[PDB]
Amino acid sequence: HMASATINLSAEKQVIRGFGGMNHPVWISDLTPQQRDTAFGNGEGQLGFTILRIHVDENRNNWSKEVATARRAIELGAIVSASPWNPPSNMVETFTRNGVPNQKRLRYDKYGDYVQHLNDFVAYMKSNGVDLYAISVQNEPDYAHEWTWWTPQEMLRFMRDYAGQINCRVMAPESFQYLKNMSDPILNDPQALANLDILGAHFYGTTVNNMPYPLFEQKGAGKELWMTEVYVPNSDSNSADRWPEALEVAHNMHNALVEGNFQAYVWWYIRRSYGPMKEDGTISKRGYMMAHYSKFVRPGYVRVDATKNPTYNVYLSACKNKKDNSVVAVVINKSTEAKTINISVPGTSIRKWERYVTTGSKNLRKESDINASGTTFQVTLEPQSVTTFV
Ligand SMILES: C[C@@H](O)[C@H](N)C(=O)O
């Protein structure tokens, strides 16, 4: 009746870049001033997001719409990355893909013009007080029924021969499902790899067995790894408070961090009826799942090795603050039974953890402190809960 886990503070893994979501004031309503604070502030009742994703509009007359939310996110400590869905229409042409006509791609003779479009966006945002952390070549080049397709080889040509001219960190390829065929050619080409800064991926339908990426472990030194878009487990209307469904969000984040070694996890729309912030501006159950990571695992913390699945239905991750070697552990219990775990943290001088617990009936509730016996922290997880220990 007593499971065990070990957190090894000397086995450092990836440095955390942060957590957040998407704003898109052209497709939906912009975040309001108060919602910006709820998203990117880290007070009580705020999500503590540290990454904002925006879109690069094909029409430069829409670019000003991004500025207010991006400025406020940066002021509150976030970084901003931008992704394009289509080039300007004068750079696009059509082709027939798997027998479906009228599909879009970037004209091969416009790759330089496209570099200039992306640089123009970067310069416009810079002039408006938004120094982009990164810009992407293409959102979901491999699921572009409704936008612009790129084959692995088109992406490679761009990364190899053009991306070095972009005045920003370059993100690629943002496959819809982290399909490795989209990114392998970049990693295997020294020049394309040199021009890459961030390997970006989405997680739609990505299973745990597909989260590791051996080639990236081998070839990705100096490159960041970001999961730049998902919603899970669905986008059902008015689903954001569904319980225990919302536990799937925490589990997907656990998996990104521990199974994928991801440094960033970015939702789709921040404010939506299936998102982390509801249309009334309050945090949803799905949002509290994100918050268990985002409020506590701050940028610059480093994930460390920790028993990831100490007993059935229990999932554990741990990240260290290198300033003082303190630890943040996020523990999910999907069981209908409470679980007691002896968590060994050998070599720590820390002797007390505070904890915050979300269940179907409470949100980030501060509960009784855990007092260690030596280097062991005995914790009890309520059924169907997430706990962050700090
Ligand atoms: C076997 C099952 O009934 C068990 N007693 C439980 O904890 O739910």
Side-chain angles (χ1 to χ4, degrees), residues 5-20 37 39-52 73-81 131 133-134 169 197-198 220-227 250 253-254 256-258 260-266 288 290-308 315-332 343-357 364 366-379 386-390:
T6 300
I7 296 173
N8 180 3
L9 296 173
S10 283
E12 291 182 356
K13 306 294 179 186
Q14 79 276 22
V15 175
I16 303 299
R17 183 67 51 239
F19 301 91
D37 292 354
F40 299 102
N42 199 29
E44 287 172 82
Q46 309 184 319
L47 284 162
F49 289 171
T50 51
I51 299 175
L52 169 67
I74 294 171
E75 187 164 38
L76 297 180
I79 66 181
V80 185
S81 73
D131 288 346
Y133 194 88
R169 294 189 186 77
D197 299 291
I198 305 183
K223 313 301 166 175
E224 305 187 23
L225 183 62
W226 288 31
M227 198 300 289
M253 295 177 75
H254 175 267
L257 292 169
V258 173
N261 296 119
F262 278 87
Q263 300 176 267
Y265 182 107
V266 181
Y288 289 115
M290 295 195 69
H292 271 277
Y293 297 89
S294 59
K295 294 184 68 61
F296 305 103
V297 180
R298 304 302 293 175
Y301 291 19
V302 65
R303 192 178 75 85
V304 296
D305 206 11
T307 308
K308 66 191 183 173
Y315 302 93
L316 169 291
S317 65
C319 299
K320 181 175 71 172
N321 180 347
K322 287 184 67 57
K323 288 179 190 164
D324 57 9
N325 290 330
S326 59
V327 190
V328 176
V330 183
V331 194
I332 303 163
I343 305 177
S344 176
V345 191
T348 193
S349 58
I350 294 162
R351 293 288 180 278
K352 183 169 70 58
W353 280 344
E354 300 177 285
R355 63 178 175 125
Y356 296 88
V357 180
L364 287 170
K366 198 168 194 295
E367 295 289 357
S368 59
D369 293 351
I370 307 301
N371 298 116
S373 180
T375 59
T376 299
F377 295 76
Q378 187 173 274
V379 310
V386 183
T387 307
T388 303
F389 299 93
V390 304

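For this chain, numbers begin at 1 and follow the sequence in order. Side-chain atoms are counted along with the backbone in the values below, which use heavy atoms only and exclude waters and symmetry mates.
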Compare all side-chain heavy atoms of [X] with those of [Y] and state whether any distance is below 4.5 angstrom.
X: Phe377; Y: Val345; result: yes
X: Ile332; Y: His254; result: yes
X: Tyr315; Y: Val258; result: no
X: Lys13; Y: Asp305; result: yes
X: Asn42; Y: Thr50; result: no
X: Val304; Y: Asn8; result: no
X: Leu76; Y: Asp37; result: yes
X: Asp369; Y: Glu354; result: yes

Straight-line distance of [X] [atom1] to [Y] [atom2], nearest 0.5 Å:
X: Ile16; Y: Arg298; atom1: CD1; atom2: CZ; answer: 12.0 Å
X: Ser326; Y: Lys320; atom1: OG; atom2: NZ; answer: 10.0 Å
X: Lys352; Y: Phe389; atom1: NZ; atom2: CZ; answer: 13.0 Å
X: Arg303; Y: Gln14; atom1: CZ; atom2: CD; answer: 4.5 Å
X: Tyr265; Y: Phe19; atom1: OH; atom2: CZ; answer: 10.0 Å
X: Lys295; Y: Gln46; atom1: NZ; atom2: CD; answer: 6.5 Å

(request) Under the ring pair (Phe, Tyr, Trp, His ring centres under 6.0 Å) rule, collect the residues that match up with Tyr293, sequence neighbours excluded. (result) none
Run the side-chain contact (heavy atoms from CB on, under 4.5 Å) test against [X] and tell me which residues pass, sequence neighbours left out.
X: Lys323; value: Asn321
X: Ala5; value: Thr307, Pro310, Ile341, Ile343
X: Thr388; value: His292, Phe296, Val328, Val330, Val390
X: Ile79; value: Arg17, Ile51, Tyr133, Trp226

(request) For side-chain contact (heavy atoms from CB on, under 4.5 Å), just list the numbers for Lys366 and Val357, CA-CA rounded to whole Å, side-chain angles, deciding distance to a tenth of an Å, and then say yes or no. (result) CA-CA 6 Å; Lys366 198 168 194 295; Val357 180; over 6 Å; no
(message) Using a 3.5 Å distance criterion without hydrogens, assess whether the side chain of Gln263 forms a donor-acceptor pair with backbone atoms of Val15.
(response) yes
(message) Using a 3.5 Å distance criterion without hydrogens, assess whether the side chain of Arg351 forms a donor-acceptor pair with backbone atoms of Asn371.
(response) no
(request) Under the salt bridge (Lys or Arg N to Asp or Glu O under 4.0 Å) rule, collect the residues that match up with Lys223, sequence neighbours excluded. (result) none
(message) Give me the atom names and distance for the closest heavy-atom approach of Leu225 to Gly260.
(response) CD2-O, 3.4 Å
(message) Testing the basics here: between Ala329 and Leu316, what is the closest heavy-atom pair and its distance to 0.1 Å?
(response) CB-CD2, 3.9 Å
(request) Quick one: do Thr387 and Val379 satisfy side-chain contact (heavy atoms from CB on, under 4.5 Å)? Show the steps, please. (result) CA-CA 10 Å; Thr387 307; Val379 310; over 6 Å; no
